[PDB]
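Only one chain comes next, encoded as structure tokens, the form solved without this ligand.
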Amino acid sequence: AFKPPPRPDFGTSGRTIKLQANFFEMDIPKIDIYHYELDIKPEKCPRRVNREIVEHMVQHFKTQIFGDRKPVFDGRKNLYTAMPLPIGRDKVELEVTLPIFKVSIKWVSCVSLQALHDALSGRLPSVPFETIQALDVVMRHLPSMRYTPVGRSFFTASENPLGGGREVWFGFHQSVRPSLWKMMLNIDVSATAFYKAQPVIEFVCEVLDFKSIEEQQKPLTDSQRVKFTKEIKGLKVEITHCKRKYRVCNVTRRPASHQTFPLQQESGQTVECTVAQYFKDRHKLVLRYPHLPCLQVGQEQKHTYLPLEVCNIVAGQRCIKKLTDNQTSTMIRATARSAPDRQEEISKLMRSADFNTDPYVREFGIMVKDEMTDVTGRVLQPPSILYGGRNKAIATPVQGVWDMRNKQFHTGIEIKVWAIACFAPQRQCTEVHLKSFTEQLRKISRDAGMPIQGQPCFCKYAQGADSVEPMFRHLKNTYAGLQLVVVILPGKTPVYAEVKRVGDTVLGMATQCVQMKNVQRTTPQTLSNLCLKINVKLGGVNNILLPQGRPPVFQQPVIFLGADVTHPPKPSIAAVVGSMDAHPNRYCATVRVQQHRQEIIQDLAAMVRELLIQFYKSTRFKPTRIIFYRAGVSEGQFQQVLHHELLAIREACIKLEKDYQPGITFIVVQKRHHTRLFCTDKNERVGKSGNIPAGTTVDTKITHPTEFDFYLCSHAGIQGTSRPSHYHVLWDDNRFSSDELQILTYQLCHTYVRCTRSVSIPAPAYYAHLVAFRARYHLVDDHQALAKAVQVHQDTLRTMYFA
């Protein structure tokens, strides 16, 4: 429970496919970096001014200390140098005057790049983290000051108007990653909304829709002024009549020709003076547009007013405000390019890159290749999908997609008793709408092998979440064992949360919500997917993996776990699900409420205990193996999460029986990264987005130099560029081969019951996500109060309500 296993071997399954990865080979020396800690006071100033302070500190004491060395800075306390500094362990104290700060700097440690080279080779088993971090600081130093940092991406002005004084800025993500033999620089592109570096007058011309400012010869109306105010308030501006930056707190009601302030004269006496007057006398600036209001800057009652024609919107402030759908449309154009388009963008960026010409990068003897890394991937064979009925039809996924035509559920549920609760206006969702929807739904359901062989025994209109529980209870007594309540919803509303709370937690009634728009106008696809959900919620089995096509791990009892934690931007929600049959199709769910933004699953031992117990209840077997798919953890959390959670799983096992120790395979699933894969050959591109084919597997060249990880793109890219899921094996008692684990994961991506498609992550993980989200919906109304708020009814525990 300490060190992740080494890669057992390399996969050879599937067919080869030529790929390009947005990893760029790095040339890294074997010298020793010197790591110093900086303690600068005052310590609460922003990062970029820290970088300015450090920079001036460096170029000031050149004769004395730093000399020819160009140190890099992470923006906080960490400094790195290629050559040693005239330093000891003792903190040396300096003072730097910025156009005054104390700067304490001491020697921390030597960072060996030789040991890193060893880690890339077969010399060392582990990759030293502070080497990677140091390298990252080296590569990020200059672009942190030259560009505008958003998150860990660097953004800049294009060469892209958005309207409303807003524009698209283009940026790139950059990160140093360890790979086999060589270090890699992962680069991706992105775009976001910024405010233009234009004069405030141009800004009002764009916000108030003026071609020329001469359009408004008269003062602004209250409406105009209010819109402009709510658009510019909070934004920083800079003056052009001296320089100084100000933050706008309000816009004056009065125009500059009438807005007054208490002018403090040389005598010490105050006299009320208009802004226009002051700018005419003091700055000899006759305002060309005195009929416009002023920007109130500074704070509160300091009466600092700036006329519009002397202010510019400062560059580098991203627009977080929601945008117009036109602006959002062009935004979509920019941010979600097709795979070849993104490929070409990255390629262009790196063919015109600044890394090799960066003085700080060259100081540490680093070089970066211009071309993407050529990688050979493997497209895995998709599993066949077995259905039921008399035909027992078998579907073959083509490009990660199949359908239900001429196919019936492996185990369809006969729906005898069901009701309809319409929370939409009757005059808007009429009776004939409900009737037509009903007969069409019955047609589709009968075709799918889930026969709704009768009209609803109940069908009423309603309004108010407060009406949900009294009705549902009424439905629970009036009608002997209904199976389903279909609830029609008029868009986003609290009654959905209430319906799920009442149905799942307090009564144990299966409920299926349908939005109003999908009742008025229905499509066979929508009805079919709806039937997938309904059949699953009633205990049915939509389909199974072809038994003979399963990997040999299924020759012995095995449980598949999925785990996820969702956090508030207010407790965190942990969810763990587990397989309950050998197909594997049906899953049981457990969920806990826990500490605010705690990523470690606190009550994992108990949850796993419950799941194992339920597994034995369902299969009459104890699992010989436990496959644990953990979602949403970063590498920085790997050791902690692995430690506590693997100990928790083993704890559950040993607290169930004395000598019961099944093999545990701990696998982290991550969809949030910047790895992009492209088809080298144009004829391998799939669809209009031109993405790699579903089942594309990569476990070479860009993966970890020693540990057991791989990329799997199991889904078909519909729009933009696909995001291949990454899998990192933190533990493996079962000694999986790469092929078997990759194939297993891929097949598990075909067991997701809400669609006849291969999804991006294995069904366990996805289900865990769904469970956590549902729990979030259960908490809409004390720690243990919240705990029993997410605890489902007894008649729900053995169900797949989260579907």
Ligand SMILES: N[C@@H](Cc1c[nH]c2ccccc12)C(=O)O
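In case it trips you up, residue 1 is the first one in the sequence shown, and so on.
The next section is about a form of this same protein that is not shown, the form deposited with this ligand bound.
- A heavy atom within 4.5 Å of this ligand in the deposited bound form is found for exactly one of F279, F364, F628, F615: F615.
- Only one of the listed residues (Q556, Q463, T522, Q381) places a non-hydrogen atom within 4.5 angstroms of this ligand in the deposited bound form, and that residue is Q556.
- Contact annotation: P255 falls outside 4.5 Å of this ligand in the deposited bound form, judged by heavy atom distances.
- For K622, a non-hydrogen atom is located within 4.5 Å of this ligand in the deposited bound form, even though that partner is not displayed.
- By the criterion of a heavy atom within 4.5 Å, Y660 is counted among the residues contacting this ligand in the deposited bound form.
- With a 4.5 Å cutoff on heavy atoms, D603 does not count as touching this ligand in the deposited bound form; it lies far away.
- Contact with this ligand in the deposited bound form, judged as any non-hydrogen atom within 4.5 angstroms, is confined among 340-348, 219-227, 607-615, 680-688 to 607-615.
- Contacts between 648-669 and this ligand, taken as any heavy atom within 4.5 Å in the deposited bound form, involve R650, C653, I654, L656, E657, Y660, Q661, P662, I664.
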